[PDB]
Amino acid sequence: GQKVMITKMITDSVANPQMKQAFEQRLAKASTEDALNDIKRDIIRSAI
Ligand SMILES: [Br-]
């Protein structure tokens with residue numbers, strides 16, 4: 001159930017609303033395990 005999980009990651013982690021909209025556009029347009037890991041990787045980094 002990765003898309004729900006990563007949508008919640010974005011909500012929790014990304015406070016800047018433009019970054020949030022871009023990640024959600026990114027997430028909506030990806031579906032493979034490779035693409036999802038790369039989005040997750042950038043969400044994790046963005047909170048450092
Ligand atoms: Br956007």
Side-chain angles (χ1 to χ4, degrees):
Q2 274 295 264
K3 298 256 213 155
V4 179
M5 288 319 93
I6 306 159
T7 306
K8 298 184 68 52
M9 287 176 199
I10 295 160
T11 293
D12 283 341
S13 307
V14 190
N16 161 290
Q18 282 185 328
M19 283 177 62
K20 183 164 151 196
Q21 309 152 14
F23 266 131
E24 285 172 357
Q25 285 261 15
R26 202 163 160 211
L27 183 58
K29 252 55 100 252
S31 59
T32 62
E33 181 196 329
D34 278 7
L36 298 182
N37 285 348
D38 288 3
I39 297 167
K40 288 191 295 187
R41 173 201 67 200
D42 297 332
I43 292 163
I44 295 157
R45 278 163 179 183
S46 292
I48 295 166

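Along the sequence shown, residues are numbered consecutively beginning with 1. Side chains included, hydrogens not; waters and symmetry mates left out as well; all remaining heavy atoms used.
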### Task
Write out all pairs satisfying side chain to side chain donor-acceptor pair (under 3.5 Å) with one or both partners inside residues 4-21, taking only residues at least two apart or from two chains.
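The answer is none; no pair qualifies.
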
### Task
For residues 23-33, pull every pair meeting side chain to side chain donor-acceptor pair (under 3.5 Å), keeping only residues two or more places apart or in separate chains.
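Matches after skipping sequence neighbours: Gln25-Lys29, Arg26-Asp42.
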
#### Entry: Beyond-backbone contact of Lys40 with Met5, side-chain heavy atoms, under 4.5 angstrom
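The answer is no, as the side chains (C-beta and beyond) never meet within the 4.5 Å cut-off.
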
### Qualifying residues under salt bridge (charged side-chain N to carboxylate O under 4.0 Å, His left out), relative to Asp38, sequence neighbours excluded
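Per chain and number, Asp38 pairs via salt bridge (charged side-chain N to carboxylate O under 4.0 Å, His left out) with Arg41.
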
### Query
Using a side-chain heavy atom cutoff under 4.5 Å and only I, L, V, M, F, W and Y, what cluster partners does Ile6 have?
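Via sub-4.5 Å side-chain contacts, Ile6 links to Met9, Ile10, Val14, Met19, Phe23, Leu27, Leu36, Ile39, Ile43.
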
### Which residues share a side chain to side chain donor-acceptor pair (under 3.5 Å) with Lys3, sequence neighbours left out
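Listed in chain order: nothing, the list is empty.
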
